[PDB]
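The file target38.csv comes next; it holds CSV, C-alpha atoms.
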chain,number,residue,atom,x,y,z
O,1,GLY,CA,-14.8,34.2,23.9
O,2,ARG,CA,-14.9,36.8,21.2
O,3,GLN,CA,-17.4,37.3,18.4
O,4,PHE,CA,-17.4,38.6,14.9
O,5,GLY,CA,-18.7,42.1,15.2
O,6,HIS,CA,-16.6,43.0,18.4
O,7,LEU,CA,-13.0,42.0,17.4
O,8,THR,CA,-11.3,45.2,16.3
O,9,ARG,CA,-11.7,48.5,14.2
O,10,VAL,CA,-10.9,48.4,10.5
O,11,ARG,CA,-11.2,51.2,8.1
O,12,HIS,CA,-10.8,51.5,4.3
O,13,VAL,CA,-10.1,48.0,3.0
O,14,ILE,CA,-11.9,46.3,0.2
O,15,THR,CA,-11.9,42.6,-0.3
O,16,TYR,CA,-12.9,41.1,-3.6
O,17,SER,CA,-13.7,37.4,-3.8
O,18,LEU,CA,-15.1,34.6,-5.9
O,19,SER,CA,-17.5,31.8,-5.4
O,20,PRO,CA,-15.8,28.4,-5.2
O,21,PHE,CA,-18.1,27.1,-7.9
O,22,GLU,CA,-16.6,29.8,-10.2
O,23,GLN,CA,-12.9,29.1,-9.7
O,24,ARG,CA,-10.4,26.2,-9.8
O,25,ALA,CA,-9.4,24.4,-6.7
O,26,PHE,CA,-5.8,23.7,-8.1
O,27,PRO,CA,-5.1,26.4,-10.7
O,28,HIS,CA,-1.3,26.1,-11.3
O,29,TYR,CA,-0.7,23.4,-8.8
O,30,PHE,CA,2.7,22.5,-10.3
O,31,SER,CA,3.5,25.5,-12.5
O,32,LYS,CA,3.5,27.8,-9.4
O,33,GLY,CA,3.7,25.4,-6.5
O,34,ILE,CA,7.0,23.7,-7.2
O,35,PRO,CA,8.8,27.1,-7.5
O,36,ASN,CA,7.2,28.1,-4.3
O,37,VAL,CA,8.4,25.1,-2.4
O,38,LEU,CA,11.9,25.4,-3.8
O,39,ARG,CA,11.8,29.0,-2.5
O,40,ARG,CA,10.5,28.2,1.0
O,41,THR,CA,13.1,25.5,1.2
O,42,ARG,CA,15.9,27.9,0.3
O,43,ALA,CA,14.6,30.4,2.9
O,44,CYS,CA,14.9,27.9,5.7
O,45,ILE,CA,17.6,25.3,5.0
O,46,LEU,CA,20.4,27.3,6.6
O,47,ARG,CA,18.5,27.4,9.9
O,48,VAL,CA,16.8,23.9,9.9
O,49,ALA,CA,19.4,21.6,8.2
O,50,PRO,CA,22.8,22.3,10.0
O,51,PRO,CA,21.9,21.1,13.5
O,52,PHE,CA,20.7,17.8,11.9
O,53,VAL,CA,23.9,17.1,9.9
O,54,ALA,CA,25.7,17.9,13.2
O,55,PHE,CA,23.6,15.1,14.8
O,56,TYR,CA,24.1,12.9,11.7
O,57,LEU,CA,27.9,13.3,12.0
O,58,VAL,CA,27.9,12.4,15.7
O,59,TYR,CA,25.5,9.6,15.0
O,60,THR,CA,27.8,7.7,12.5
O,61,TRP,CA,31.0,8.5,14.4
O,62,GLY,CA,29.5,7.6,17.8
O,63,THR,CA,28.4,4.1,16.6
O,64,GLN,CA,31.7,3.7,14.7
O,65,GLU,CA,33.7,4.2,17.9
O,66,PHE,CA,31.4,1.9,19.7
O,67,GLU,CA,31.9,-1.1,17.4
O,68,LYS,CA,35.7,-0.6,16.9
O,69,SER,CA,36.4,0.1,20.6
O,70,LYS,CA,34.6,-2.8,22.3
O,71,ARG,CA,33.9,-5.7,20.0
O,72,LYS,CA,36.0,-5.6,16.9
O,73,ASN,CA,38.8,-4.6,19.1
O,74,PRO,CA,40.6,-7.3,21.1
O,75,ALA,CA,43.7,-5.6,19.7
O,76,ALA,CA,47.2,-6.9,20.7
O,77,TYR,CA,47.8,-9.0,23.8
O,78,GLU,CA,51.1,-10.3,22.4
O,79,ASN,CA,53.4,-13.0,23.9
T,269,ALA,CA,-43.9,35.0,-10.3
T,270,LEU,CA,-40.6,36.4,-9.0
T,271,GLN,CA,-42.2,39.7,-8.2
T,272,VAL,CA,-45.1,37.8,-6.5
T,273,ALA,CA,-42.5,36.1,-4.3
T,274,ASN,CA,-40.8,39.4,-3.7
T,275,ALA,CA,-44.0,41.0,-2.6
T,276,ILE,CA,-44.5,38.1,0.0
T,277,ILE,CA,-41.1,38.9,1.4
T,278,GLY,CA,-41.9,42.6,1.1
T,279,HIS,CA,-39.8,45.5,2.4
T,280,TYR,CA,-39.5,47.2,5.8
T,281,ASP,CA,-38.6,50.4,7.3
T,282,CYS,CA,-38.4,51.4,10.9
T,283,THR,CA,-41.1,54.0,10.4
T,284,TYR,CA,-43.8,51.3,9.5
T,285,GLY,CA,-46.8,51.2,11.7
T,286,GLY,CA,-47.3,47.8,13.3
T,287,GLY,CA,-44.2,45.6,13.2
T,288,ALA,CA,-44.8,42.4,15.1
T,289,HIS,CA,-48.1,41.8,13.2
T,290,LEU,CA,-46.7,42.3,9.7
T,291,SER,CA,-47.5,39.4,7.2
T,292,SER,CA,-44.0,39.0,5.9
T,293,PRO,CA,-42.1,36.8,8.4
T,294,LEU,CA,-38.8,38.6,7.5
T,295,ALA,CA,-40.5,41.9,8.2
T,296,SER,CA,-42.2,40.9,11.4
T,297,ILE,CA,-39.1,39.1,12.9
T,298,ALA,CA,-37.0,42.1,11.9
T,299,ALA,CA,-39.3,44.5,13.6
T,300,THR,CA,-39.6,42.5,16.8
T,301,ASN,CA,-35.9,41.7,17.1
T,302,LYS,CA,-34.6,45.0,15.8
T,303,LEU,CA,-32.5,43.3,13.2
T,304,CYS,CA,-32.9,45.9,10.7
T,305,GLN,CA,-33.4,49.6,10.0
T,306,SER,CA,-34.7,48.9,6.6
T,307,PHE,CA,-34.7,46.3,3.9
T,308,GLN,CA,-36.2,45.8,0.5
T,309,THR,CA,-36.5,43.1,-2.2
T,310,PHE,CA,-35.8,43.8,-5.8
T,311,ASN,CA,-35.8,42.5,-9.3
T,312,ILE,CA,-33.6,44.6,-11.5
T,313,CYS,CA,-34.1,43.5,-15.1
T,314,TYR,CA,-31.7,44.0,-18.0
T,315,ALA,CA,-31.7,42.4,-21.3
T,316,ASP,CA,-31.3,38.6,-20.8
T,317,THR,CA,-30.0,39.1,-17.3
T,318,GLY,CA,-30.8,40.8,-14.1
T,319,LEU,CA,-30.4,41.1,-10.4
T,320,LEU,CA,-32.9,39.4,-8.1
T,321,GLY,CA,-32.5,39.7,-4.4
T,322,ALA,CA,-32.7,42.1,-1.5
T,323,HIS,CA,-30.8,45.0,0.1
T,324,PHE,CA,-30.8,45.9,3.8
T,325,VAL,CA,-29.4,48.4,6.4
T,326,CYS,CA,-28.5,47.5,9.9
T,327,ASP,CA,-26.4,47.7,13.0
T,328,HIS,CA,-23.0,46.0,13.2
T,329,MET,CA,-24.2,43.1,15.4
T,330,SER,CA,-27.3,42.2,13.3
T,331,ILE,CA,-25.9,41.4,9.9
T,332,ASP,CA,-25.6,37.7,10.6
T,333,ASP,CA,-29.2,37.5,11.9
T,334,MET,CA,-30.6,39.5,9.0
T,335,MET,CA,-28.9,37.2,6.5
T,336,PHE,CA,-30.0,34.1,8.2
T,337,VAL,CA,-33.7,35.2,8.1
T,338,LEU,CA,-33.5,36.7,4.6
T,339,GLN,CA,-32.1,33.4,3.3
T,340,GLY,CA,-34.6,31.3,5.3
T,341,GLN,CA,-37.4,33.0,3.5
T,342,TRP,CA,-36.0,32.4,0.0
T,343,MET,CA,-35.5,28.7,0.9
T,344,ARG,CA,-39.0,28.5,2.4
T,345,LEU,CA,-40.6,29.8,-0.7
T,346,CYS,CA,-38.5,27.6,-2.9
T,347,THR,CA,-39.6,24.4,-1.3
T,348,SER,CA,-42.6,25.3,1.0
T,349,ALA,CA,-44.8,28.2,-0.2
T,350,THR,CA,-48.4,28.1,0.9
T,351,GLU,CA,-51.5,29.3,-1.0
T,352,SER,CA,-52.7,32.3,1.0
T,353,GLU,CA,-49.4,34.0,1.1
T,354,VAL,CA,-49.2,33.7,-2.7
T,355,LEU,CA,-52.7,35.4,-2.9
T,356,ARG,CA,-51.4,38.2,-0.7
T,357,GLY,CA,-48.3,38.5,-2.9

Structure rendered as structure tokens:
Amino acid sequence: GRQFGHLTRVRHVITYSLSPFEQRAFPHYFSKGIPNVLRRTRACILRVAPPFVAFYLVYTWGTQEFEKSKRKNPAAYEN
Amino acid sequence: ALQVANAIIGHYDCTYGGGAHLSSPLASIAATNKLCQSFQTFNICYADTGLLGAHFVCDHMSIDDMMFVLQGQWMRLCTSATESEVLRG
């Protein structure tokens, strides 16, 4: 495996950080989170959602044809 | 008392004569395992506040060991200090 100390070369970056006992674990959970999820949702709906409505449409049609075609059917046999 | 504790831990530098035999466990382990090039404890005092700890200098693959040992010594003193070491301190 690989160990801290031998990963890669980094120069010039400062990282400032706080102790957990000094900060909140949920700061603006709703205030900032909700907006954030709305935003990630917008960013991906166009790629995720369409194939699924496409399946959805074929799902309802497909079963619809199945019922009307076979069972419900016995349409005309008139004499 | 804090300074007495700090003396127990001591300081170390790679030009110190005798390393393996040094009283301070930090100091002696650091000398035997080359974890360090130097280190020192400190008690900076300001009005009503201060900085109490240690600073050290070392190679890139020894920071983790230096911290483990430095921290083991504070813990050890917190809960387990013996009498003769306090006398030396």

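The closest residue to chain O, picked from T:304, T:329, T:288, T:275 and counting all atoms listed in the file, is T:329.
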
Find the residues of chain O that sit at most 12 Å from chain T; for each, write down the nearest two atoms and how far apart they are in Å, to one decimal. Count all atoms listed in the file. Sort by chain, then by number going up, and give it as a Markdown table.
| residue | atom | partner | partner_atom | distance |
| --- | --- | --- | --- | --- |
| O:3 | CA | T:329 | CA | 9.4 |
| O:4 | CA | T:329 | CA | 8.2 |
| O:5 | CA | T:329 | CA | 5.6 |
| O:6 | CA | T:329 | CA | 8.2 |
| O:7 | CA | T:329 | CA | 11.4 |
| O:9 | CA | T:328 | CA | 11.6 |

Residues near residue 270 (chain T), cut-off 12 Å, only C-alpha atoms, skip fewer than 2 positions along chain, as a PDB file with C-alpha atoms, keeping the file's coordinate frame:
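What ended up in around.pdb:
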ATOM      1  CA  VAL T 272     -45.100  37.800  -6.500  1.00  0.00           C
ATOM      2  CA  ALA T 273     -42.500  36.100  -4.300  1.00  0.00           C
ATOM      3  CA  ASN T 274     -40.800  39.400  -3.700  1.00  0.00           C
ATOM      4  CA  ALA T 275     -44.000  41.000  -2.600  1.00  0.00           C
ATOM      5  CA  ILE T 276     -44.500  38.100   0.000  1.00  0.00           C
ATOM      6  CA  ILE T 277     -41.100  38.900   1.400  1.00  0.00           C
ATOM      7  CA  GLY T 278     -41.900  42.600   1.100  1.00  0.00           C
ATOM      8  CA  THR T 309     -36.500  43.100  -2.200  1.00  0.00           C
ATOM      9  CA  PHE T 310     -35.800  43.800  -5.800  1.00  0.00           C
ATOM     10  CA  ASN T 311     -35.800  42.500  -9.300  1.00  0.00           C
ATOM     11  CA  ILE T 312     -33.600  44.600 -11.500  1.00  0.00           C
ATOM     12  CA  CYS T 313     -34.100  43.500 -15.100  1.00  0.00           C
ATOM     13  CA  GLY T 318     -30.800  40.800 -14.100  1.00  0.00           C
ATOM     14  CA  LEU T 319     -30.400  41.100 -10.400  1.00  0.00           C
ATOM     15  CA  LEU T 320     -32.900  39.400  -8.100  1.00  0.00           C
ATOM     16  CA  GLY T 321     -32.500  39.700  -4.400  1.00  0.00           C
ATOM     17  CA  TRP T 342     -36.000  32.400   0.000  1.00  0.00           C
ATOM     18  CA  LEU T 345     -40.600  29.800  -0.700  1.00  0.00           C
ATOM     19  CA  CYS T 346     -38.500  27.600  -2.900  1.00  0.00           C
ATOM     20  CA  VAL T 354     -49.200  33.700  -2.700  1.00  0.00           C
ATOM     21  CA  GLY T 357     -48.300  38.500  -2.900  1.00  0.00           C
TER      22      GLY T 357
END

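Computed from the coordinates, the CA of residue 279 (chain T) to CA of residue 307 (chain T) distance equals 5.4 Å.
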
Kindly give the distance, in Å, that separates CA of residue 284 (chain T) and CA of residue 341 (chain T), rounded to a single decimal. 20.3 Å

Go ahead and compute the interatomic distance for CA of residue 300 (chain T) and CA of residue 351 (chain T), in Å to one decimal. 25.2 Å

Within 12 Å of residue 286 (chain T) using all atoms listed in the file, minus same-chain residues under 6 positions, as a ChimeraX atom specification: /T:280,292,295-300
